file target.csv (CSV, C-alpha atoms)
chain,number,residue,atom,x,y,z
A,1,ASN,CA,110.9,8.9,57.7
A,2,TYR,CA,107.1,8.1,57.9
A,3,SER,CA,105.9,9.7,54.6
A,4,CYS,CA,109.0,10.1,52.4
A,5,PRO,CA,108.5,6.9,50.4
A,6,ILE,CA,104.9,7.5,49.5
A,7,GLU,CA,105.9,11.1,48.6
A,8,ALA,CA,108.4,9.7,46.2
A,9,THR,CA,105.8,7.4,44.6
A,10,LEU,CA,103.5,10.5,44.2
A,11,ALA,CA,106.3,12.6,42.6
A,12,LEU,CA,106.6,9.8,40.0
A,13,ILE,CA,103.0,9.0,39.3
A,14,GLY,CA,100.7,11.6,40.9
A,15,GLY,CA,101.0,14.0,38.0
A,16,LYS,CA,97.8,14.8,36.1
A,17,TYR,CA,97.2,12.1,33.5
A,18,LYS,CA,100.3,10.1,34.6
A,19,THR,CA,98.6,7.2,36.3
A,20,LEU,CA,96.1,7.2,33.4
A,21,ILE,CA,99.0,7.2,30.9
A,22,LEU,CA,100.6,4.2,32.6
A,23,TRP,CA,97.2,2.4,32.9
A,24,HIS,CA,96.5,2.7,29.1
A,25,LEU,CA,100.1,1.6,28.4
A,26,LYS,CA,100.1,-1.6,30.4
A,27,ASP,CA,100.7,-4.5,28.0
A,28,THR,CA,100.2,-2.3,25.0
A,29,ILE,CA,102.1,0.6,23.3
A,30,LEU,CA,100.7,3.6,21.7
A,31,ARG,CA,101.3,6.8,19.6
A,32,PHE,CA,101.0,10.3,21.0
A,33,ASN,CA,97.8,10.6,19.0
A,34,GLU,CA,96.3,7.3,20.4
A,35,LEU,CA,97.0,8.2,24.0
A,36,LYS,CA,95.6,11.7,23.6
A,37,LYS,CA,92.4,10.2,22.1
A,38,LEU,CA,92.2,7.9,25.1
A,39,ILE,CA,92.6,11.0,27.4
A,40,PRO,CA,90.5,13.9,26.1
A,41,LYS,CA,90.7,17.3,27.9
A,42,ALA,CA,94.5,17.3,27.6
A,43,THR,CA,96.4,20.0,25.8
A,44,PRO,CA,98.9,18.2,23.5
A,45,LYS,CA,101.7,20.0,25.2
A,46,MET,CA,100.5,18.8,28.6
A,47,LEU,CA,100.4,15.2,27.4
A,48,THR,CA,103.9,15.5,25.9
A,49,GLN,CA,105.2,17.1,29.1
A,50,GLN,CA,103.8,14.3,31.2
A,51,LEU,CA,105.2,11.6,28.9
A,52,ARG,CA,108.6,13.3,28.8
A,53,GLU,CA,108.7,13.5,32.6
A,54,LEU,CA,107.7,9.8,32.9
A,55,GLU,CA,110.4,8.8,30.4
A,56,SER,CA,112.9,10.9,32.3
A,57,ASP,CA,112.0,9.1,35.6
A,58,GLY,CA,112.5,5.9,33.7
A,59,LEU,CA,108.9,4.6,34.0
A,60,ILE,CA,108.2,4.5,30.2
A,61,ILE,CA,110.3,3.8,27.2
A,62,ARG,CA,110.1,6.0,24.0
A,63,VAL,CA,112.1,4.0,21.5
A,64,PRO,CA,107.6,8.7,8.0
A,65,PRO,CA,109.0,8.8,11.6
A,66,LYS,CA,106.9,6.8,14.2
A,67,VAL,CA,107.3,7.2,18.0
A,68,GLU,CA,105.6,4.6,20.2
A,69,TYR,CA,105.5,4.6,24.0
A,70,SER,CA,106.1,1.4,26.1
A,71,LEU,CA,106.4,0.6,29.8
A,72,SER,CA,109.9,0.0,31.1
A,73,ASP,CA,110.4,-3.0,33.3
A,74,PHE,CA,110.5,-0.7,36.4
A,75,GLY,CA,107.4,0.8,34.9
A,76,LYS,CA,105.7,-2.6,34.8
A,77,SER,CA,106.6,-2.9,38.5
A,78,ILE,CA,103.7,-0.4,39.3
A,79,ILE,CA,101.0,-2.4,37.6
A,80,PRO,CA,99.7,-4.1,40.8
A,81,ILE,CA,99.2,-0.8,42.4
A,82,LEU,CA,97.3,0.3,39.3
A,83,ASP,CA,95.2,-2.9,39.3
A,84,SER,CA,94.2,-2.4,42.9
A,85,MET,CA,93.3,1.3,42.2
A,86,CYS,CA,91.1,-0.1,39.4
A,87,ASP,CA,89.4,-2.6,41.7
A,88,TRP,CA,88.8,0.0,44.4
A,89,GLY,CA,87.3,2.4,41.8
A,90,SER,CA,85.1,-0.5,40.5
A,91,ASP,CA,83.8,-1.2,44.0
A,92,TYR,CA,83.0,2.5,44.3
A,93,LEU,CA,81.1,2.7,41.0
A,94,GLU,CA,79.3,-0.6,41.4
A,95,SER,CA,78.1,0.5,44.9
A,96,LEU,CA,76.7,3.9,43.7
B,1,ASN,CA,81.8,10.6,33.5
B,2,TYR,CA,84.5,7.9,33.3
B,3,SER,CA,85.4,5.4,30.5
B,4,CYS,CA,87.1,3.2,33.2
B,5,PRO,CA,87.0,2.7,37.0
B,6,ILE,CA,90.5,4.0,37.7
B,7,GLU,CA,89.3,7.4,36.6
B,8,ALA,CA,86.9,7.3,39.5
B,9,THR,CA,89.7,6.5,41.9
B,10,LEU,CA,91.7,9.4,40.5
B,11,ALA,CA,88.8,11.7,40.8
B,12,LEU,CA,88.5,10.7,44.5
B,13,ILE,CA,92.2,10.7,45.7
B,14,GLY,CA,94.3,11.9,42.8
B,15,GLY,CA,94.0,15.7,43.3
B,16,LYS,CA,97.1,17.3,44.8
B,17,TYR,CA,97.8,16.4,48.4
B,18,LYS,CA,94.7,14.2,48.7
B,19,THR,CA,96.7,11.0,49.0
B,20,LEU,CA,99.4,12.4,51.4
B,21,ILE,CA,96.5,13.7,53.6
B,22,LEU,CA,94.8,10.3,53.7
B,23,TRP,CA,98.2,8.8,54.4
B,24,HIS,CA,98.9,11.1,57.4
B,25,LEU,CA,95.4,10.5,58.9
B,26,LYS,CA,96.1,6.8,58.8
B,27,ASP,CA,95.7,5.5,62.4
B,28,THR,CA,95.4,9.1,63.8
B,29,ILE,CA,93.4,12.2,64.1
B,30,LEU,CA,94.9,15.5,63.0
B,31,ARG,CA,94.1,19.2,63.5
B,32,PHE,CA,94.7,21.5,60.5
B,33,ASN,CA,97.8,23.1,62.0
B,34,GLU,CA,99.4,19.7,62.3
B,35,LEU,CA,98.6,18.8,58.7
B,36,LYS,CA,100.1,22.2,57.7
B,37,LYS,CA,103.3,21.3,59.5
B,38,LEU,CA,103.4,17.8,57.9
B,39,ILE,CA,102.7,19.3,54.4
B,40,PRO,CA,104.7,22.5,54.8
B,41,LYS,CA,104.9,23.6,51.1
B,42,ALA,CA,101.1,23.7,50.6
B,43,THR,CA,99.2,26.9,50.9
B,44,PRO,CA,96.7,26.8,53.7
B,45,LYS,CA,93.9,27.7,51.3
B,46,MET,CA,94.8,24.9,48.9
B,47,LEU,CA,95.1,22.4,51.8
B,48,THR,CA,91.7,23.5,53.1
B,49,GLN,CA,90.2,23.2,49.6
B,50,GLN,CA,91.5,19.6,49.3
B,51,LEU,CA,90.3,18.7,52.9
B,52,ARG,CA,86.8,19.9,52.1
B,53,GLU,CA,86.7,17.9,48.9
B,54,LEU,CA,87.8,14.8,50.8
B,55,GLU,CA,85.1,15.4,53.3
B,56,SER,CA,82.5,15.9,50.6
B,57,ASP,CA,83.5,12.6,49.0
B,58,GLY,CA,83.1,10.8,52.3
B,59,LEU,CA,86.8,9.8,52.6
B,60,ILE,CA,87.5,11.8,55.9
B,61,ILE,CA,85.5,12.9,58.9
B,62,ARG,CA,85.7,16.4,60.4
B,63,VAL,CA,84.7,16.6,64.1
B,64,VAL,CA,84.3,19.9,66.0
B,65,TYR,CA,84.9,19.8,69.7
B,66,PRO,CA,83.3,23.0,71.2
B,67,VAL,CA,85.9,24.0,73.7
B,68,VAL,CA,87.2,27.6,73.7
B,69,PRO,CA,88.5,28.0,71.1
B,70,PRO,CA,86.9,25.2,69.1
B,71,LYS,CA,89.0,22.3,68.2
B,72,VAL,CA,88.6,20.7,64.7
B,73,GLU,CA,89.8,17.2,64.2
B,74,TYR,CA,90.1,15.1,61.0
B,75,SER,CA,90.1,11.3,60.7
B,76,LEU,CA,89.7,8.7,58.1
B,77,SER,CA,86.1,7.5,57.6
B,78,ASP,CA,85.5,3.7,57.0
B,79,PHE,CA,85.4,4.5,53.3
B,80,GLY,CA,88.7,6.3,53.7
B,81,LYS,CA,90.1,3.4,55.6
B,82,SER,CA,89.3,1.0,52.7
B,83,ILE,CA,92.1,2.7,50.7
B,84,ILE,CA,94.9,2.1,53.3
B,85,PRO,CA,96.1,-1.1,51.6
B,86,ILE,CA,96.7,0.7,48.3
B,87,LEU,CA,98.6,3.4,50.2
B,88,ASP,CA,100.6,0.8,51.9
B,89,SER,CA,101.5,-0.7,48.5
B,90,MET,CA,102.4,2.8,47.2
B,91,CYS,CA,104.6,3.2,50.3
B,92,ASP,CA,106.4,-0.1,49.7
B,93,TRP,CA,106.9,0.7,46.0
B,94,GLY,CA,108.3,4.2,46.7
B,95,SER,CA,110.6,2.7,49.4
B,96,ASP,CA,112.0,0.1,46.9
B,97,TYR,CA,112.4,2.9,44.3
B,98,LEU,CA,114.3,5.0,46.8
B,99,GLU,CA,116.6,2.1,47.8
B,100,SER,CA,118.0,2.2,44.3
B,101,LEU,CA,118.3,5.5,42.3

call {"tool": "encode", "arguments": {"input": "target.csv", "output": "structure tokens"}}
result
Amino acid sequence: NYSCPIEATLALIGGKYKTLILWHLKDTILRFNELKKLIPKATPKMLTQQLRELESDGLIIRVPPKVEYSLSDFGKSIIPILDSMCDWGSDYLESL
Amino acid sequence: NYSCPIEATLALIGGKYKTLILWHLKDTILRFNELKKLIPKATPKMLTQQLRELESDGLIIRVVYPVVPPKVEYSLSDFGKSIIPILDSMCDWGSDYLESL
């Protein structure tokens, strides 16, 4: 099919704050509180729901109690797409 | 405002259906009825909202041919075409993710 693969990609990372969550998690790992401070305008429950959906799809790893979020290996496999999205957005902003 | 660049990319193509629309216009021109049938679960009004936002951001062109009835066509602008390589990468990544689990 022509569009089924990109529709899968979008199911996995198109969700509000998901691509941002993965961006901020590349090469570092963070608490719930740190991530929500990096992404204002996000109801705690919304951020939790997005992180749980990502962990369930296997893109992030979740392992006084501390929980910290990491990128899985398969989650690191998206970083080049994220880097190109960054470079494209940088072109757009520097050209304004 | 945006603390990073990727936030600007998301503001341009991240809203629902925007990226699929751009993908379907790749190498083509499409009327609205044909996009509807390619994105069957979207409501017409939401698809129209997203189309107008893409047009306003300069990612797609809307051309009216004044035959009876008028025929509205959509295509990628040159700015919209500059995102095709990222969509190709997204397509490859999704294909590899499908191939296993």

call {"tool": "closest_residue", "arguments": {"input": "target.csv", "among": "B:49, B:8, B:3, B:33", "to": "chain A", "atoms": "all atoms listed in the file"}}
result
B:8

call {"tool": "residues_around", "arguments": {"input": "target.csv", "residues": "residue 38 of chain B", "least_positions_apart": "6", "cutoff": "10 Å", "atoms": "only C-alpha atoms", "output": "PyMOL selection string"}}
result
(chain A and resi 3) or (chain B and resi 20-21+24+32)

call {"tool": "residues_around", "arguments": {"input": "target.csv", "residues": "residue 93 of chain B", "least_positions_apart": "4", "cutoff": "7 Å", "atoms": "all atoms listed in the file", "output": "PDB file with C-alpha atoms, keeping the file's coordinate frame"}}
result
ATOM      1  CA  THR A   9     105.800   7.400  44.600  1.00  0.00           C
TER       2      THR A   9
ATOM      3  CA  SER B  89     101.500  -0.700  48.500  1.00  0.00           C
ATOM      4  CA  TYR B  97     112.400   2.900  44.300  1.00  0.00           C
TER       5      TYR B  97
END

call {"tool": "residues_around", "arguments": {"input": "target.csv", "residues": "residue 22 of chain B", "least_positions_apart": "4", "cutoff": "8 Å", "atoms": "only C-alpha atoms", "output": "short mmCIF file (atom, residue, chain, number, x, y, z; two decimals) with C-alpha atoms, keeping the file's coordinate frame"}}
result
data_model
loop_
_atom_site.label_atom_id
_atom_site.label_comp_id
_atom_site.auth_asym_id
_atom_site.auth_seq_id
_atom_site.Cartn_x
_atom_site.Cartn_y
_atom_site.Cartn_z
CA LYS B 18 94.70 14.20 48.70
CA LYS B 26 96.10 6.80 58.80
CA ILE B 60 87.50 11.80 55.90
CA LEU B 76 89.70 8.70 58.10
CA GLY B 80 88.70 6.30 53.70
#

call {"tool": "interface_residues", "arguments": {"input": "target.csv", "of": "chain A", "to": "chain B", "cutoff": "6 Å", "atoms": "only C-alpha atoms", "output": "list in words"}}
result
residues 5, 6, 8, 9, 85, 86, 89 and 90 of chain A

call {"tool": "residues_near_point", "arguments": {"input": "target.csv", "point": "(106.5, 3.6, 25.4)", "cutoff": "10 Å", "atoms": "only C-alpha atoms", "output": "MDAnalysis selection string"}}
result
chainID A and resid 21:22 25:26 28:32 51 54:55 59:63 67:72 75

call {"tool": "residues_around", "arguments": {"input": "target.csv", "residues": "residue 72 of chain B", "least_positions_apart": "5", "cutoff": "9 Å", "atoms": "all atoms listed in the file", "output": "PyMOL selection string"}}
result
chain B and resi 30-32+62-66

call {"tool": "write_last_selection", "arguments": {"input": "target.csv", "atoms": "C-alpha atoms", "output": "short mmCIF file (atom, residue, chain, number, x, y, z; two decimals), in the coordinates of the input"}}
result
data_model
loop_
_atom_site.label_atom_id
_atom_site.label_comp_id
_atom_site.auth_asym_id
_atom_site.auth_seq_id
_atom_site.Cartn_x
_atom_site.Cartn_y
_atom_site.Cartn_z
CA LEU B 30 94.90 15.50 63.00
CA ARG B 31 94.10 19.20 63.50
CA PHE B 32 94.70 21.50 60.50
CA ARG B 62 85.70 16.40 60.40
CA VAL B 63 84.70 16.60 64.10
CA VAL B 64 84.30 19.90 66.00
CA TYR B 65 84.90 19.80 69.70
CA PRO B 66 83.30 23.00 71.20
#

call {"tool": "atom_distance", "arguments": {"input": "target.csv", "atom1": "atom CA of residue 93 of chain A", "atom2": "atom CA of residue 57 of chain B"}}
result
13.0 Å

call {"tool": "closest_residue", "arguments": {"input": "target.csv", "among": "A:16, A:24, A:36, A:52", "to": "residue 83 of chain A", "atoms": "all atoms listed in the file"}}
result
A:24

call {"tool": "atom_distance", "arguments": {"input": "target.csv", "atom1": "atom CA of residue 14 of chain A", "atom2": "atom CA of residue 50 of chain A"}}
result
10.5 Å

call {"tool": "atom_distance", "arguments": {"input": "target.csv", "atom1": "atom CA of residue 77 of chain B", "atom2": "atom CA of residue 20 of chain A"}}
result
26.2 Å

call {"tool": "closest_residue", "arguments": {"input": "target.csv", "among": "B:39, B:48, B:29, B:1", "to": "residue 4 of chain A", "atoms": "all atoms listed in the file"}}
result
B:39

call {"tool": "build_atoms", "arguments": {"input": "target.csv", "residues": "segment 9-28 of chain A", "atoms": "N, CA, C and O atoms", "output": "PDB file, in the coordinates of the input"}}
result
ATOM      1  N   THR A   9     106.736   8.039  45.528  1.00  0.00           N
ATOM      2  CA  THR A   9     105.800   7.400  44.600  1.00  0.00           C
ATOM      3  C   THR A   9     104.928   8.517  43.963  1.00  0.00           C
ATOM      4  O   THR A   9     104.762   8.558  42.737  1.00  0.00           O
ATOM      5  N   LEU A  10     104.445   9.459  44.768  1.00  0.00           N
ATOM      6  CA  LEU A  10     103.500  10.500  44.200  1.00  0.00           C
ATOM      7  C   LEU A  10     104.252  11.413  43.292  1.00  0.00           C
ATOM      8  O   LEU A  10     103.697  11.812  42.265  1.00  0.00           O
ATOM      9  N   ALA A  11     105.507  11.758  43.595  1.00  0.00           N
ATOM     10  CA  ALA A  11     106.300  12.600  42.600  1.00  0.00           C
ATOM     11  C   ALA A  11     106.317  11.859  41.286  1.00  0.00           C
ATOM     12  O   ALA A  11     106.121  12.486  40.240  1.00  0.00           O
ATOM     13  N   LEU A  12     106.495  10.552  41.295  1.00  0.00           N
ATOM     14  CA  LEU A  12     106.600   9.800  40.000  1.00  0.00           C
ATOM     15  C   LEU A  12     105.326   9.596  39.298  1.00  0.00           C
ATOM     16  O   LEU A  12     105.321   9.576  38.059  1.00  0.00           O
ATOM     17  N   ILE A  13     104.190   9.414  39.976  1.00  0.00           N
ATOM     18  CA  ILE A  13     103.000   9.000  39.300  1.00  0.00           C
ATOM     19  C   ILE A  13     101.745   9.827  39.621  1.00  0.00           C
ATOM     20  O   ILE A  13     100.698   9.634  39.004  1.00  0.00           O
ATOM     21  N   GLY A  14     101.836  10.755  40.568  1.00  0.00           N
ATOM     22  CA  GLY A  14     100.700  11.600  40.900  1.00  0.00           C
ATOM     23  C   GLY A  14     100.325  12.633  39.932  1.00  0.00           C
ATOM     24  O   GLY A  14      99.264  13.255  40.071  1.00  0.00           O
ATOM     25  N   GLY A  15     101.179  12.875  38.939  1.00  0.00           N
ATOM     26  CA  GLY A  15     101.000  14.000  38.000  1.00  0.00           C
ATOM     27  C   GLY A  15      99.803  13.792  37.102  1.00  0.00           C
ATOM     28  O   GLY A  15      99.605  12.705  36.557  1.00  0.00           O
ATOM     29  N   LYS A  16      99.040  14.873  36.882  1.00  0.00           N
ATOM     30  CA  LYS A  16      97.800  14.800  36.100  1.00  0.00           C
ATOM     31  C   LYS A  16      97.991  14.053  34.820  1.00  0.00           C
ATOM     32  O   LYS A  16      98.820  14.427  33.983  1.00  0.00           O
ATOM     33  N   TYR A  17      97.239  12.968  34.672  1.00  0.00           N
ATOM     34  CA  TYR A  17      97.200  12.100  33.500  1.00  0.00           C
ATOM     35  C   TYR A  17      98.351  11.052  33.573  1.00  0.00           C
ATOM     36  O   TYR A  17      98.397  10.182  32.687  1.00  0.00           O
ATOM     37  N   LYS A  18      99.236  11.071  34.573  1.00  0.00           N
ATOM     38  CA  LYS A  18     100.300  10.100  34.600  1.00  0.00           C
ATOM     39  C   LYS A  18      99.815   8.692  34.888  1.00  0.00           C
ATOM     40  O   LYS A  18     100.097   7.736  34.149  1.00  0.00           O
ATOM     41  N   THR A  19      99.068   8.533  35.978  1.00  0.00           N
ATOM     42  CA  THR A  19      98.600   7.200  36.300  1.00  0.00           C
ATOM     43  C   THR A  19      97.660   6.700  35.157  1.00  0.00           C
ATOM     44  O   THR A  19      97.726   5.529  34.781  1.00  0.00           O
ATOM     45  N   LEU A  20      96.858   7.576  34.559  1.00  0.00           N
ATOM     46  CA  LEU A  20      96.100   7.200  33.400  1.00  0.00           C
ATOM     47  C   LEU A  20      96.993   6.750  32.232  1.00  0.00           C
ATOM     48  O   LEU A  20      96.716   5.753  31.547  1.00  0.00           O
ATOM     49  N   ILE A  21      98.079   7.509  31.986  1.00  0.00           N
ATOM     50  CA  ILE A  21      99.000   7.200  30.900  1.00  0.00           C
ATOM     51  C   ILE A  21      99.557   5.776  31.099  1.00  0.00           C
ATOM     52  O   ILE A  21      99.650   4.977  30.164  1.00  0.00           O
ATOM     53  N   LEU A  22     100.015   5.492  32.317  1.00  0.00           N
ATOM     54  CA  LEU A  22     100.600   4.200  32.600  1.00  0.00           C
ATOM     55  C   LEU A  22      99.490   3.084  32.504  1.00  0.00           C
ATOM     56  O   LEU A  22      99.757   1.967  32.035  1.00  0.00           O
ATOM     57  N   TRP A  23      98.267   3.392  32.948  1.00  0.00           N
ATOM     58  CA  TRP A  23      97.200   2.400  32.900  1.00  0.00           C
ATOM     59  C   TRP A  23      96.964   2.006  31.414  1.00  0.00           C
ATOM     60  O   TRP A  23      96.920   0.818  31.081  1.00  0.00           O
ATOM     61  N   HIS A  24      96.837   2.993  30.528  1.00  0.00           N
ATOM     62  CA  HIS A  24      96.500   2.700  29.100  1.00  0.00           C
ATOM     63  C   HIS A  24      97.719   2.044  28.438  1.00  0.00           C
ATOM     64  O   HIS A  24      97.539   1.396  27.404  1.00  0.00           O
ATOM     65  N   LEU A  25      98.915   2.189  28.990  1.00  0.00           N
ATOM     66  CA  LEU A  25     100.100   1.600  28.400  1.00  0.00           C
ATOM     67  C   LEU A  25     100.442   0.238  28.885  1.00  0.00           C
ATOM     68  O   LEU A  25     101.364  -0.385  28.359  1.00  0.00           O
ATOM     69  N   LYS A  26      99.726  -0.289  29.864  1.00  0.00           N
ATOM     70  CA  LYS A  26     100.100  -1.600  30.400  1.00  0.00           C
ATOM     71  C   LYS A  26      99.760  -2.662  29.328  1.00  0.00           C
ATOM     72  O   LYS A  26      98.635  -2.719  28.822  1.00  0.00           O
ATOM     73  N   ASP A  27     100.766  -3.446  28.944  1.00  0.00           N
ATOM     74  CA  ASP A  27     100.700  -4.500  28.000  1.00  0.00           C
ATOM     75  C   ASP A  27     100.366  -4.062  26.555  1.00  0.00           C
ATOM     76  O   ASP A  27     100.182  -4.899  25.665  1.00  0.00           O
ATOM     77  N   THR A  28     100.300  -2.762  26.306  1.00  0.00           N
ATOM     78  CA  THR A  28     100.200  -2.300  25.000  1.00  0.00           C
ATOM     79  C   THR A  28     101.049  -0.999  24.839  1.00  0.00           C
ATOM     80  O   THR A  28     101.476  -0.406  25.838  1.00  0.00           O
TER      81      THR A  28
END
